[PDB]
Amino acid sequence: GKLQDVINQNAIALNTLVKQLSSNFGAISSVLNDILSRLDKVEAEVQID
Amino acid sequence: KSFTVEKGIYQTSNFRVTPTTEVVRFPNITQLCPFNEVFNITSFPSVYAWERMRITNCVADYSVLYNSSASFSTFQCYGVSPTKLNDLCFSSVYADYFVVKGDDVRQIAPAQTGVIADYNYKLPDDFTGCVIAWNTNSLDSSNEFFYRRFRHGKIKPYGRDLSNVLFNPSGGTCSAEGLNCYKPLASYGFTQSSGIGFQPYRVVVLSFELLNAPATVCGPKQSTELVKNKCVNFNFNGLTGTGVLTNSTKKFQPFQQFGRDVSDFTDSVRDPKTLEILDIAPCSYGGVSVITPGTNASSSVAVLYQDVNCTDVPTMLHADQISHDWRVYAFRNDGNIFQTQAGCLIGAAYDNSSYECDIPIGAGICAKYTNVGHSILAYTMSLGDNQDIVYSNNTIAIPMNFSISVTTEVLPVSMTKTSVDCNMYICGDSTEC
Amino acid sequence: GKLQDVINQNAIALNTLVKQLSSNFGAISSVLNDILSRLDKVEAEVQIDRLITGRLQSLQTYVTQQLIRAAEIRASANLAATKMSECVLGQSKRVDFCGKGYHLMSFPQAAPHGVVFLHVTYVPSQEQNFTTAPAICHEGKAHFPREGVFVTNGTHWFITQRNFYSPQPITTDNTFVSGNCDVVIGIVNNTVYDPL
Amino acid sequence: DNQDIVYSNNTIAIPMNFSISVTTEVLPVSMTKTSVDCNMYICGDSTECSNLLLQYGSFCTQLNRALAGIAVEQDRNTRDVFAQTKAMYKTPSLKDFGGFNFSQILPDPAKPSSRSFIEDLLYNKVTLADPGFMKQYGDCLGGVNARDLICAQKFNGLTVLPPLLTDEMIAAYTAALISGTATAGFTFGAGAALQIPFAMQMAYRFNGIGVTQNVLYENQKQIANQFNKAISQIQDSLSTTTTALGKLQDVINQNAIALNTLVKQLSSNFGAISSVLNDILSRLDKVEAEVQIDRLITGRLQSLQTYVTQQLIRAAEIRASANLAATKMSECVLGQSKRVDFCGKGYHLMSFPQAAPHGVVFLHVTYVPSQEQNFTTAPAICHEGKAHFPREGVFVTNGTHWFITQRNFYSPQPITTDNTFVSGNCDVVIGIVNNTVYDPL
Amino acid sequence: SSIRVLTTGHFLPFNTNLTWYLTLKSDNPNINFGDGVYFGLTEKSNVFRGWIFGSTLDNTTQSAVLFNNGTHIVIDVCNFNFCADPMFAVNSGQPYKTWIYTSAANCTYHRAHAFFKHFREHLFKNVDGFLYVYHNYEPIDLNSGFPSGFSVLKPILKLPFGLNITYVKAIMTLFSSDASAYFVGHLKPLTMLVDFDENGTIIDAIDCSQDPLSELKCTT
């Protein structure tokens, strides 16, 4: 169980890392394309930051 | 954050302050800036043929505009506050002036659309400056003013075109006025009593660069005589801060004014009112630690400073700007001030005897509260007791008795288990969050 | 002090998690109901998000410190387990592993979040000096002790253990013969009893 | 490298000689203790930043508590490792104990540096990043020390605290350990000190391996010369190699680059218009400046928290290494161990500790046999109906006679009524040979 | 001073290809203006001087000229009527007539100053309604194709006109009673890494994305 446990943990951490890209963090969207396609430079810099 | 401390040695966080004198250094400029030449020239160009002028060797004292008869309907500044225009210095200043329709005053702004913003006059998205406008219906209503109406593209954020070729809506040049061939320049209809969105307005646009180059135009601030070798709050061309100023040996090219280190802190500067390079350093330095024998036992403390030499302390421990309770700790009349390998201990007496450590100070020095009335006593740690044993090559020691001993050893095993609810901590009785 | 320390930090961190609920984190208030009582949906959804991120960071710091402390407690528990295995259910020859002297016994007692070992050990005392020899030869052959040392009475020679004093006569046993007594430094001349 | 050994099923290999080897093992013990002031890092010469950090000072108290705990543990580790003696035994005037030269691991009465020569060689091979703990304010503004790493480190509120025990105290501890080991054996590690001659002590150490007392007493000069040659050889190897002390230098380098990264991470904007607090306040009003300063405050607090977390993890690893070093010092310097490869590679006899910066160096003295030779062996020998078995060792043959000998050394002895015991009749064990047994008449 | 920073902008890529143009004693094409151009020229008799900026290079669109007269640097943005070849005529070692344009009116700018043995470098950039000019100077050998090495350019002047600049041209000189060459590059958006000495001088620079070693040094 120990070796399978560390394999499962190493898989679960990497799967959790890629699932956290869908958060907005207080911005308009989690995608950088529509933020640049809908806003000017000044506000898009704030959202991207 | 407590009213009763325990026995030990702690670290402090410099609650004192330095209310030193101020210095102000501004360039030697006395000519008043031509506010009248710009705002009272009675000849402004069309928006499509706007012109630009430079401003140098100026003093930007706009309060003289209160002495005139000019009232501005729009005065909006971008990237800077209007209340800070009297304290700053600007490096390069350009003024663009023209005449606009009156309903297109809103189009003179970053990130705008319309006829003027697309074909006549544009501004960059990251624009720093101010836009001023006012109504001139009694002056410009009997003159010809034009604007570009047709174009095959959008102009650059700072660009103009004075071409007067014939416009064909799909293709090249028609070269014959008529069907599908129009003049791109349209004329404003400026008649008396036409409305309020059709009356001419005069617009001026100023552009600044802040704190990145030597400055030629500054506000009306009176300078101060320069001092050295003391930490002061300064003002060099609009750059504030606090610290000591010293001579420096770096000479750089005359297009550079400031100097930044790795942490982007201003370390080297040039000077106005003279030409000389200077180094700025903060005047907060050194580690301060305090030693107390508890609170109910006594209220006296001993303070040691990690990085001072305890023969010339008060250069870094200037007692003039602080209370007498720190004057009694900066210098001591009797022998309660001495230098250890960890620094300079003040308020404790030294002893030549060695005991076990009670309060660790550092570098083999400890301290304790003793009866020798009561005072803080510092001493050198003792590793143990000597035994001066000798070596004999024909003699052995053998025990003749024995004893049975019981010893204790305590080890932790587990700790408390805690569950945390995500909501009811970040939120709670709030469905909006 | 270790178990009290374990209780004290676990209380202190949990109490510190409640003090950090009174921070604005760049918002106009730390109370969530005052934000929505004065602002519209926009400009309050902006200010709620910074509070949410700050409280999430405050939780994450506590979780990380709990993980590190749990690792230290796991190491201490492993040491306690191997000590219980090696010293309660047996006798140890490892020096200063259970007690101070020569290990004899150990007894465990429970404690809140801990264990307490009572180690029963043997210690020698009442020292005495004796003149010793590396070997004793009587014929040309040299004799060496199988164990112990060759100490003297002042007039006689005996053999005894190192950790206790119990003199015995030098006989054919407790002794082995190898070589001649002509190259060993410190050879003394004394007789040896022979059971006839 | 391949060896290709073979199974013989009837022959055994017994060493004819032996050699003395001295090895080296290096463990870190402690790391540097630092203290961080939130002011002069997140703020500094700025009252508004302090008034905005007054609501964040609880995190600062948390970070200071963590760093203070780390420093306390670091001061505890070296006392746990080194302070093992009950008394400070004086160094004997004679450094020779039966041909064994102890002069290269003990301080000399000429008083050059009050520490050992090998201990002196352990220093000046790794380099401290900061030569001395005293850095005055005049030294930071003399015009020559411009753009210095430690001076720019100090201006941001990051200081380094000195250890409680100086290097001379650690050297005195190690000298007391060595001088108590030689003149009193390992008996002073449990109870009072019992004096014993060094040759008899070495006979005791050889008896704990499986070799009789005599082997030293006919070969004392060879053992002493091998010990001296090994000491000179490891001195030469330590002098002419600069890659064997990598752990302590690694610790120093990691601490230095962590502090340098913390210093140089002050140039980020964190979504504000600038990274300098003075230029924002001189061109913006109060409302926008409060937000743009709070962004920088949050970013710098995060960058401090990351450093504190890394320091905690490194402190845990250093604590584990210090526990291993303390256990090894207790089990191998104040005694003789029988766990294989715990102290050295061969059979452990002695160990001597030497003080190193932020660590300790052990010189393990081991026993290794050599000069192998094949011998035909038998499980048992019977002459009457009864069958005899060896009490210890094995049975080997000259080719004409049969003897009994130890496994670790070739010492042939006649098969008498002693050193053997009888159980059963010789009709069940495979390989029983017939040979006479000497009987004392 | 004494720091290693990296910046992103429009730079000439390392080990890139220039274009060889020669003045024949027996050319001035309309070179495109992209994100910026680099001009490097080798001369001995001060033959090459001057540039022409614009989009159509006719009298329907404004154009900019910046040249040397042998005693003055005349720069003025006017509506020019450029003929087939902008030229410069010198008789017996002294100037006597300049042939660079025919007519010019509606003109909104004017400025003037008082002024293979050598190598001259000039870099032009046009952002935000400005024209940036950078200059460097070093003497080179008697005969070489392109002087290899490393040099850092310094700004001289910053010209405030808002013009549609898409083409550049060159002004030559012929003797009316020798040969030279100039090389033209093209700026590209790249990432560079630089280091400074204890003084304020740039000593070395690495162009990332050129080869794997410089990419490794960019990462490290």
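All chains are identified by letter, namely A, B, C, D and E, in their written order; residue positions are counted from 1 within each chain.
In this section, a residue touches a chain if its C-beta (ideal position, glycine included) is under 8 Å from a C-beta of that chain, and two chains touch if they have at least 3 such contacts.
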With centres defined by CA atoms only, which chain is the most remote from chain B?
C
Is the C-beta contact count larger for C-D or for B-E?
C-D
Averaging only over C-alpha atoms, locate the centres of chain B and chain E and give their separation in whole Å.
39
Where the CA atoms of chain D average out and where those of chain E average out, how many Å apart are those spots?
67
Any idea how many Å lie between the Cα centroids of chain A and chain D?
46
Rounded to the nearest whole Å, what is the centre-to-centre distance of chain B and chain C, using the mean of the C-alpha atoms as each centre?
55
Pull out every residue in chain A that's touching 2 or more other chains.
none
Mind listing the chain A positions that touch chain C in their complex?
25-26
Spell out the residues on chain B that touch chain C in their complex, using ranges where they run on.
394-416, 418, 420, 422, 425-427, 430, 432-433
Touching chain C in the complex, chain D uses residues 55-56, 58-59, 62, 66, 186, 189-192, 194-195, 197, 199-200, 203-204, 207, 212-214, 217-218, 220, 291, 294-295, 298, 302, 305, 309, 312-313, 316, 319-320, 330-331, 334-335, 337-338, 411
What residues on chain B touch chain D, complex-wise?
1, 11, 13-14, 79-81, 83-84, 87-88, 210-211, 233, 238-244, 246-249, 261-266, 279, 281-282, 284-287, 306-309, 315-316, 341-343, 357, 360, 362-364, 381, 383-399
Give the list of chain B residues in touch with chain A in this complex.
110-111, 125-126
